[PDB]
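> Attaching a single structure in structure tokens format; questions to follow.
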Amino acid sequence: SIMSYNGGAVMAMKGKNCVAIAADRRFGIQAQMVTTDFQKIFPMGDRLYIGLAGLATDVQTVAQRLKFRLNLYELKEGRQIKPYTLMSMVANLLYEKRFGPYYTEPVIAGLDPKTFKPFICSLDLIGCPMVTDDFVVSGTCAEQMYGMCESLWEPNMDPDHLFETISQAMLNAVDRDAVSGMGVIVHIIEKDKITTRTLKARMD
Amino acid sequence: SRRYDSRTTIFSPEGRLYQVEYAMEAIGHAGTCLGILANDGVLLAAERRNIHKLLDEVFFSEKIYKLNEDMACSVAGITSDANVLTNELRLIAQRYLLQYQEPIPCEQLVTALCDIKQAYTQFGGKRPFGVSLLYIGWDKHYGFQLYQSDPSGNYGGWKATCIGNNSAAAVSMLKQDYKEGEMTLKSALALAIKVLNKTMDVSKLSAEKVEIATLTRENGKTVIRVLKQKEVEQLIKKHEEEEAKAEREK
Amino acid sequence: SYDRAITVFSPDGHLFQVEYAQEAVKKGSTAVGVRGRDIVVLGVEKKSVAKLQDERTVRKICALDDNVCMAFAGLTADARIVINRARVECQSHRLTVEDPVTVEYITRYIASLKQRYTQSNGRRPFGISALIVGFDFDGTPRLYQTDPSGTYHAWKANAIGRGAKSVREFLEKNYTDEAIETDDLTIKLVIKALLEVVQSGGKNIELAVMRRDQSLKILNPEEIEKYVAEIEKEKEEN
Amino acid sequence: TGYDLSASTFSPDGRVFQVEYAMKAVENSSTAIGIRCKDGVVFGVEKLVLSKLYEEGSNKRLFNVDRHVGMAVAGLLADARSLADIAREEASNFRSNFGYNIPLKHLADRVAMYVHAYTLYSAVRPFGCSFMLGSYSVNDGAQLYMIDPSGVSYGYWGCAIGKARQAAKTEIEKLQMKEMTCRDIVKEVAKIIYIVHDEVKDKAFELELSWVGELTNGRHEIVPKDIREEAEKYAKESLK
Amino acid sequence: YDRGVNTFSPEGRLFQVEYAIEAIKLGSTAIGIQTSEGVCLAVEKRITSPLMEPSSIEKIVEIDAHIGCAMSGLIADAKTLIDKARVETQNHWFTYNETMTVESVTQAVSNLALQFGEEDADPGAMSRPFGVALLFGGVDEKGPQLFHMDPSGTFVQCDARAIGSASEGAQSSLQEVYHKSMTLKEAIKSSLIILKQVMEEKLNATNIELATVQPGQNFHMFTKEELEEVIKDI
Amino acid sequence: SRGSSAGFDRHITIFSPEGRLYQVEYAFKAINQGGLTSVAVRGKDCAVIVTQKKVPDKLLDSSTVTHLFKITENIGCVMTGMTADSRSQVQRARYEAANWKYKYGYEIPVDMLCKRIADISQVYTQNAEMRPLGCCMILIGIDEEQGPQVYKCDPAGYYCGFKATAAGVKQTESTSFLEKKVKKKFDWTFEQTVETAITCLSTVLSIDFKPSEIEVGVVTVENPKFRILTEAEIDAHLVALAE
Amino acid sequence: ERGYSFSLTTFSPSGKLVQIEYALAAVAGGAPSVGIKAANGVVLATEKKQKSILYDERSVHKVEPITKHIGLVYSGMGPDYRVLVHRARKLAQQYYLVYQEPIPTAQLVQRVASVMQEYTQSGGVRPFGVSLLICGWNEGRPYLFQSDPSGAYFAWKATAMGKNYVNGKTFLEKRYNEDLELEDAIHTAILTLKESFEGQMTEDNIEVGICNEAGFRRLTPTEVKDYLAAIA
Amino acid sequence: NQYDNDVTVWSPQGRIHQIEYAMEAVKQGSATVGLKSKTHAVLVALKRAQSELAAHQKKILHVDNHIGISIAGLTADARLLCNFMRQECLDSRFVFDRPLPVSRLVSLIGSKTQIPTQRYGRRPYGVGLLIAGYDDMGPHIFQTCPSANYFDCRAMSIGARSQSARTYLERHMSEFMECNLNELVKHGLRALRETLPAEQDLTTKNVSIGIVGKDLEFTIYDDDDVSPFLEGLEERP
């Protein structure tokens, strides 16, 4: 219930060669909503976004520490992060607190720096790697989002259809959930651009 | 251990400190580093000594590193001390970024480095880091700003400064040919080429002998660009053309 | 793990390390401080102006609180760390007392830090002499001088660094009660004291003044130029 | 200098002069001799009487480090006391960790390793003491190990440490100590220690003697007094 | 360098402690006299320049309401020991609801004294012996008391002692003019006249610091007016 | 005659002007200080360590001065130099072998044990605050898939696999004998290996040693536990070599 | 164990670390080694000159791997090489544990350089008396790095440490091509080794490791002598 | 030379120069003569003062109700060891509820003083302790030299000019044991008297004693309370 203390919903699927990642925007205590413009998808690279769900404080702290170590590594090494390396590093970060786990289940989405092959993965509060080709979801909306994705997702999607599918997924998974929603932010990472969009969702 | 200690962290009878003096002398015979400021950016000119044909030279820069998102550095002296210093600087800069969610000001990071270097000279019984550091960067409070630090732990803010051989001649050239407040990127680059050609007259200006870096502020974003070999060749050609024109007019 | 006794008693009980720290202080830059009846003024010789240099970073006069400031003479880096530690002590006192800091207490704990470094293992004392200016709760001006040996004493006026003895011997004869009544006379006295040290007189010199809890500010270069002109006017009429 | 200042450095040839000086400091001390026989191990140590105001049995060079192990020492006596304390601590640890009294062989090996441990670092100096340990067991019999200040432990049918050690060794060679009787060997030890003692060099002197063996039920003990006067009388007669 | 901090002399004494005593004779001159009506402490300020404030030049410090101390030598090093003595006295008061005896304070100060080294204890410890001679004047259940604390740790209870630049000679003259049945007024007069005679410079109220401890009154330090009142007769 | 020293270059193990470590190279002659020669050989299926037993005095129990130490059941060792250093290295080798046995579930290979001992010796050489253990250890064992093995560490730490080597005062003469023997004969059986091992000491040192004047340990592939030869086997090998 | 807290390595009046110069002299006095780069891999070669044949030259190895894609050779003191390679192995394993990806050769060389610098600036220890020639393959690229006892590092297309090292460097420069193959790299390495072997090289006396996209692998004496026969 | 600047060095003659300096310092200390009888043990020490004005600082420390010590040498080290011994005595009384025997106390302090003889940069405690105590085995007198070596003794004299006192003790050791408490303390006082030259006097105002007996707890007597003991004393020999 600690991961549902603030609520959350994050997803990421794959297109033909592009990636769509989306998250809810509601932030607040278990009862009341404080802010409807909260950011939950953060850039770990030019072609790599990460979504975090769970306890908001743990979300922010994990994001800050991950950005810390990621920037340190990329300055020491001189190349943009590889998505597999970022996923392994964040999984190790979560595992370092095995007895003090961050109540967060993150997802990592983006493209290969050179191949542009779509990559998506998920973790848990301990940091279990979970690489699934079709889609990964996390948060309090887990069941609704899994049910949506396992029917709305198809392989080899164009960016526009990919955006439509993920937008419908978020809209129809948060409208049936009480501790999430109130606006959805969607990022579409294509080969040569990224599109950030806010869905016209029900604010309550 | 009394007889066999090196006691490098004590005073001297005349009040100086031999270890930092020797470090400064070693830096003096070490490679050449130059830092300058322009109205739209700051430029770095670093000279690489080991230029054997066996080098893979795959690295973007040898003595020039990137401390953080909006600040670059140039090292002078021992390159391993340079590497450990640079990654410590990156670590603490990212620490400030984590703690405050704001890019670390250049003065902050230079002050922290000078603190740790002075402490390392103060005690510990170890030989001090014999590397001079020349930092450039952009910040919210002062924008383009560059500092020169010393192994003794002292730092200073300069519009333009150089370290290495013929440091006095280089700073004299800057004082003679730097237009304060009216130095554009092109004229600053030309002055940097002049210094690189003059402060190291032996083994006259060569493309692979030096590396050139620039730091600018475009669209509220700090861009650090390392000039390629073709760029350095263009600088050499421009310097030769301007020197020939000046001599012909003379 | 580094615990070699650096500061030890030489023959006749002379702390040669303390003498070497004093030598480093003397070889350092020139700084003076006067404690006027209403204000406190610090003057530091900005020797080797070395144009194209941002003098803000090398300013040897740093304020500790809204009512406390110091100017050093000696090692710049040891000065910087001691200034950081003095900022720490002032803030800790303000937290634990929720009252304005006391200049004498600040100087005393800096002296205690210096004496701990003299008495510690594997450490050498801070080769800096510090002139600490400030004002108490009642607005009483305070001027204290501490040395690397750890001894701190309150002075009406004194000097540290290069030519410190000559400047203080000049001041002890040029210091009168009526000569520090107003800010103009105090500034002129400090400028004429530093004139014998600085060759430029107006451009290789920096002045800082603190009033009775009135947000101390550094004297403007134009003010320095016009006050050097004023002291030259006094010289030509005298 | 440089080759004799600390135990952490070799000579240009590869010698340890600090250990050699420790050997000198243990040689110039008073003599201490230990003889093992088929049914006991005896120790006779020579005590220098600085003044007659001292007690008999003062500043003993004989220590009882285990329930069945003695310790005859020579050299720096405070160092000997510290080494005896370490030996009894090791015996206590072995008894706690294994439930039975430590054998003399392993005790001597561990103590020699400990001694050699403080002959490697400049932060310490080699022990200025050599010591002989004797013990008895039902399955092992009488055992006697001599340990150098360097840290070398060997079994000895009979050993002597001190100034007149070599003379004590040489004259006692006529004794076939490996199958002798402890009671008469006590008298022979009194004899040898009297002859090897230099009355001119040390006018005032005293003897501390003890044995451990089967006659002691396998527990270290001092000589009973009556046997002490009897051995003293035999030694006086042997002085001739 | 070469010689350590725990090295003796061929005759069997620490030459570092001898150097500390030499520094003691380099310190400021201080005089302390104990009588049946209290104890008095005096010291010469050694004013370098008139610009130096006499207020900050005070060699006499209050350990407790009934104890005063006079320091000579490394005055910077003496304040740490003074703070330790005061905190230990207050700890004793906190533990036993009584004022700590002067003798116990002196013994504790000796315990803190001569505790230093390179690698002998926790690294955050002393490296050199204290180079300050102390005169602990106080009043307790045993009446007025005066203790000479030598930097060697050889604490001494003495009726009257003069230390500093002019320790010897002046102490003998003080003893010659000292008796076993002198009043507090006689004690302060004698100490003042001896200090004035041994002054290296013309002394006044701005050249000496005077303080006293009485059986009835607490530790009181003589202000300028009373200093002039007592010095005008001398 | 002006016995000058170049500061601390010749006093503690620091880099000398000639690119050498003086206290490391003093350990080579510190091996010679023991006055004892230890030579070891391996056959096609056996490894034999033959070492002369010094008896400076009968008054010590010569049955308890045996210098052959069993690190494990199947590993035996002999050392040269300071005897206390030898005992310390034997104890350390036993500790490391037992630790490997517990942490890895099988008996330590002889090469890895020698490598660990050499690393510890290098730890002494690297540090400038400890005596660099001027003692040399030679160990034997039987290894599956590789056969009998003999390994030798050193205070310097540079070890190597070898058919046969020696450590002691006359290690160079034993080296020369091993050269001539390997250039003369190659095929070795157990009895030939032990005869050559005895012949090495006999030819190099030329003592005509008594049976009680040596201590010999062997490892064979019939009972790989390290076993020490007693007087009977020593006399048998002596008379076999004599005839 | 106390541990000296004063750095044995100190700055000379000229600022030169003369102790590091003596370490480099010890490296030069050690067994020579060479390294060379090809357009699609790296080849490391070195000689193991032991005493008379009583030593089992097969038992000991000089070329050592760190990972499946990184190997290295040294010139200098074997005792220092063992601990240094063991620490490098630990660093590579730790990096693989943290990031679940193979160590890049540049990062591993940076870590080794940091370790060497820590040794040089710390107290109570001696500078390493070896020079490492490190070969590595990552991201479909070859890498060869020179690392000195001073703690610095460089990316060198060809290198030669040990005795006659300057002459070896010049010979490599004369016989180095920008776009050579692995076969040409092996030919050049063996030619340089035999030009500076001083004593009629043998397949046992030469041990060579090759690093390419397939990984790092040490050449056994069979193909070793095969290449020596093909090169003559 | 270099054999006298450290404690961990070995002299070629087989000695430690720091230990020699400590054993010279203990002799350079003030005079102290201790002795015992069959039932009682008494320490007699003359308290030196830096000047006539000083009050002759006490040299006899009260370590336990049944055990007492007298110091000769470094006062701070003596005080530290006295605190350490009294801590041991209180620990024994707290644990086993028995007075800690004198012999074991002296062995423990010897073991404690052995460690500085080996530790690097650690100086020996340059003070000698004359320990007078009573336990179940009668009175005991011990002398712990700064050399970390203790000596059990019937009567020992320490400090400068102690040869005359040592000769007196050797002469009258045959009769120390059987004399009563007053004769014993008189013999000790006469030994201390013979320690000093003829011109100086054994004044009551600079001599102190510490005595422990079969029924008497260890008590220290000063100038006023040593006057009855200073009755009928013969003039200086």
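Residue numbering for chain G follows Swiss-Prot, covering 3-234 in order.
Quick check of the header: electron microscopy, 3.5 Å.
Using N, Cα and C of the backbone, Cβ positions are placed for all residues, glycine too.
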> Among G:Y76, G:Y83, G:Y155, which is the one flagged in Swiss-Prot as phosphotyrosine?
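G:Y76, according to Swiss-Prot.
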> Quickly, which of G:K39, G:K70, G:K196, G:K227 does Swiss-Prot have down as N6-acetyllysine? Just give the residue.
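Among G:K39, G:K70, G:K196, G:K227, the one Swiss-Prot marks as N6-acetyllysine is G:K70.
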> Output, ordered by sequence, the same-chain residues six or more apart from G:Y121 (phosphotyrosine) with a CB under 8 Å from its CB, or 'none'.
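The answer is G:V127, G:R128, G:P129, G:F130, G:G153.
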> Is G:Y121 (phosphotyrosine) helix, strand or coil when read with DSSP?
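In the DSSP reduction, G:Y121 (phosphotyrosine) maps to helix.
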> Rounded to a whole angstrom, what is the C-alpha distance between G:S16 (phosphoserine) and G:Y24 (phosphotyrosine)?
16
> Between the modified residues G:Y6, G:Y76, whose Cβ has more other Cβ atoms within 10 Å than any of the rest?
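In terms of Cβ crowding, the pick is G:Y76.
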> For G:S16 (phosphoserine), list the number of other Cβ atoms lying within 10 Å of its Cβ atom.
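Its Cβ has 10 other Cβ atoms within 10 Å.
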> Would you mind checking how many other C-beta atoms are within 10 angstroms of the C-beta on G:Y24 (phosphotyrosine)?
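So the Cβ neighbour count for G:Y24 (phosphotyrosine) comes to 22.
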> Rounded to the nearest angstrom, how far is the Cα of G:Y76 (phosphotyrosine) from the Cα of G:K70 (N6-acetyllysine)?
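So the alpha carbons of G:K70 (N6-acetyllysine) and G:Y76 (phosphotyrosine) sit roughly 18 Å from each other.
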> Give me the non-local Cβ neighbours of G:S14 (phosphoserine): same chain, 6+ apart in sequence, Cβ-Cβ under 8 Å, ordered along the sequence.
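The answer is G:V20.
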> If you count Cβ atoms within 10 Å of the Cβ of G:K171 (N6-acetyllysine), leaving out that atom itself, what do you get?
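20, counting other Cβ atoms within 10 Å of G:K171 (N6-acetyllysine).
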> Relative to the Cα of G:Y24 (phosphotyrosine), which of the modified residues G:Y6, G:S7, G:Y76, G:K171 has the closest Cα?
G:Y76
> Output, ordered by sequence, the same-chain residues six or more apart from G:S7 (phosphoserine) with a CB under 8 Å from its CB, or 'none'.
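G:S7 (phosphoserine) has long-range Cβ partners G:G125, G:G126.
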> Are there modified residues in G:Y6, G:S16, G:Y121, G:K171 whose CB lies under 8 Å from a CB of chain B, and which ones?
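Listed in sequence order, the modified residues near chain B are G:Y6, G:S16, G:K171.
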> Give the distance between the Cα atoms of G:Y6 (phosphotyrosine) and G:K171 (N6-acetyllysine), rounded to the nearest whole Å.
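Rounded to the nearest whole number, the Cα-Cα distance is 39 Å.
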> Measuring Cα to Cα, how many angstrom lie between G:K171 (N6-acetyllysine) and G:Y76 (phosphotyrosine)?
16
> Work out the three-state DSSP category of G:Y76 (phosphotyrosine).
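DSSP call for G:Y76 (phosphotyrosine): strand.
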> For chain F, give the subset of the modified residues G:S14, G:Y24, G:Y76 whose C-beta is less than 8 angstroms from one of that chain's C-beta atoms, in sequence order, otherwise 'none'.
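Listed in sequence order, the modified residues near chain F are G:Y24.
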> What does DSSP say about G:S14 (phosphoserine): helix, strand or coil?
coil
